[PDB]
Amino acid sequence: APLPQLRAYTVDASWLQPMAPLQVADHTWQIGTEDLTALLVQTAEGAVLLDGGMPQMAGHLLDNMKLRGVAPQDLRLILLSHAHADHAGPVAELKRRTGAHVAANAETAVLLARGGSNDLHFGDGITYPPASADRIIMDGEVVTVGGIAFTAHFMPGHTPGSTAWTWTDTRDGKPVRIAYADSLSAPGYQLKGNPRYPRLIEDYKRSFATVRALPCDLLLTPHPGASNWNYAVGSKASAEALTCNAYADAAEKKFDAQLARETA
């Protein structure tokens, strides 16, 4: 009767289904997979990447950057929504092979430093190569790359360092306000009376209102299905996409229903 073997982080096949660069705005592209969002922003002074997906997506992220004309030494900054392996996986490998710098808040930095281990709810089950944050950003701080400004909005809940990123792009000259907000879900979490997260409910409630007030003409999420995106249908990908109000209110209804069924 020996000890159990180690279990590997296994996800659905659609999360690992590679796709071609899909354009979001004049300077914004989707270079992740069918069910995982990885946003690339091309500026006059380099590129910016937001999230990366599963750890084995590093080679795919570099190939689509080459398709857009972004050499590895042109990737300047890496921004993160939260430091889970399904979104910050290939960050450590991308830093070695691109020379880019990582910007994140203190909570995402300490979670990225230990590779997702010692998670508040998952423990050491979902881990990935660790990476060090190069610049610590605060709530409301602005990050400027090539004339494009990225504003961070802390929305703690899914992770303590969950962050929504906003910036103003253009769509054939006409301006567009992009809001890439993090997941508002609490999958299998203990909500009431969590010793590792005593203020989890208060953080979620304050995060629901934060998403509602984000300046947003076009919302994206780390998982496209959460905001009713569909990367597979190309030009119709953002047709049925939700607003910030509809995304936050739909997640809060699921939160209260999950919080009510935990009391039972």
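Throughout, we count residues from 1 along the sequence that is shown. Take the two forms, find the largest set of C-alpha atoms that superpose within 1.5 Å, and that set is the rigid core.
The stretch that strays farther, by root mean square C-alpha distance over structures and residues in 9 other deposited structures of this protein after a rigid core fit, is 167-175, when 167-175 is set against 134-142. Averaged over their C-alpha atoms, the temperature factors of 194-202 and 47-55 are higher for 194-202. A summary of the deposited B-factors shows that, of 122-130 and 82-90, the stretch with the larger mean C-alpha value is 122-130. Taking only the listed residues 187, 160, 115, 140, the entry reports the highest CA temperature factor at 187. For residue 215, the recorded CA B-factor ranks within the highest third of the chain. Only modelled residues enter the ranking. When the CA B factors of the chain's modelled residues are split into thirds, the value for residue 221 lands in the lowest one. Per-chain ranking of the deposited C-alpha B factor places residue 233 in the highest third. In the deposited entry, the Cα temperature factor of residue 239 sits in the top third of values across the chain's modelled residues. Among all modelled residues in its chain, residue 108 ranks in the lowest third by Cα B-factor.
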